[PDB]
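One chain is shown next in structure tokens, namely the form deposited in one PDB entry.
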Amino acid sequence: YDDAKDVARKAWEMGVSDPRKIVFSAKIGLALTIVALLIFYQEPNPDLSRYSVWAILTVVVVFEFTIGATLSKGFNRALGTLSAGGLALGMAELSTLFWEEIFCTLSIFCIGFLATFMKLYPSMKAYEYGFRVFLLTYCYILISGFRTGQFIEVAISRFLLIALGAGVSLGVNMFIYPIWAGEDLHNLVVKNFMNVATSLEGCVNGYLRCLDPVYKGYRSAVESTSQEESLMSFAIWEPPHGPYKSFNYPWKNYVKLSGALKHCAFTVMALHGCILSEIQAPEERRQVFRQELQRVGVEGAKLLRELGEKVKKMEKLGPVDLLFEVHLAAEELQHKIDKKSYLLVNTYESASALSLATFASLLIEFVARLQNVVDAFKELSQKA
């Protein structure tokens, strides 16, 4: 019973935090019950209601979270289905022309074999639903057409059914509280700034706290380029929905600003590795560089926090001279290790000392990786 409390809590916790799941499930439920209500109350005549399941099963099979996703995946499945339709109907008139059972058997071996590879090819890894709905539509059309004499009228009826289902699908998805895929990416390029500034602050302050929240911080930023590169495929399909003024919005720098950041979060990786490493500097020697090591972590996060606030607001005003206090912090960090360098050099009696030299110069590097981002965001600030 206590475990079941969490399951209810899990739904509530993901619910109250993000009111985008409840609304999506409400939208799909509404679409399904509207199709069913239309079937039962407005089309009760059995003259032709069998195919009425096309109508409710197409709403279920083509309704997805983001307008871009629904629209592009509908386009790909429509190309697969219509290509199978044209090619299969050509093969169907042929396959009635005189040994047609054997010809129509080979005509499905060939399609299965050819479509399988282009499904399995490494490049076409996300265009897999298209190959499934093409291999699975060739087969259906071909069997039904070998069975029936004049298929094309029933094919016309099936298309208006899968246009009466998908019509309501797209309409309800786009008009009733839409969920775009453009601002699912503008709210993601600005999320990584927030969970990297803490990863920087976690790794600078976890190194010294003596006498994981960090591991979930920076691994989200790094593991998003495989995602933002998808949300860049979905983002091109939406209209200029609101602030995103014109068509051809540069959803190419949001994977470039998140590119220079994910490249700047490859020191915070090794910056964390120094605290997880089996060799690390002793407590008493870390706490001689306490100020400057904290000084970079303190100010270094403040900039990278408000670099996000320059994306969330997408402030068409400017990032003017951001890195002065991090440069000063890094410069006098190095000049601070110029005096107390004997704590870094003369087996293991010197392998542990010297890992304190490895953090100090994995943190100055992060200061240098931080000039690349501001330029990779200065292009995005102006032209976008």
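Numbers for residues come from their place in the sequence shown, where the first is 1. Whichever C-alpha set is largest while still superposing within 1.5 Å between the two forms counts as the rigid core.
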Across the other PDB entries of this protein that model residues on both sides of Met174, is it left without coordinates in at least a third of them?
no
At least a third of the other compared entries leaving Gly308 unmodelled, is that the case?
no
Is there a break between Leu211 and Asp212, and how many deposited residues does it span: none, 1 to 3, 4 to 9, or 10 or more?
10 or more
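Absent from the display: the form deposited in another entry. The rest refers to it.
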Identify which of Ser157, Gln294, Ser220, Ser233 has its C-alpha displaced by 2 Å or more between the shown form and the other one once the rigid core is superposed.
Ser157
Compare the position of the CA of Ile39 between the shown form and the other one after a rigid core fit and state whether the shift reaches 2 Å.
yes
Rigid core fitted, then: does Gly145 show a CA shift of 2 angstroms or greater between the shown form and the other one?
yes
Shift of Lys316 between the shown form and the other one at or above 2 Å (CA, core fit)
yes
Mind checking the CA-CA distance of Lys302 and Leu317 in the other form? It differs by 3 Å or more from this form, so is it closer or farther?
closer
Look at the CA atoms of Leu317 and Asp375: state whether they lie closer or farther apart in the other form than in this form, given a difference of 3 Å or more.
closer
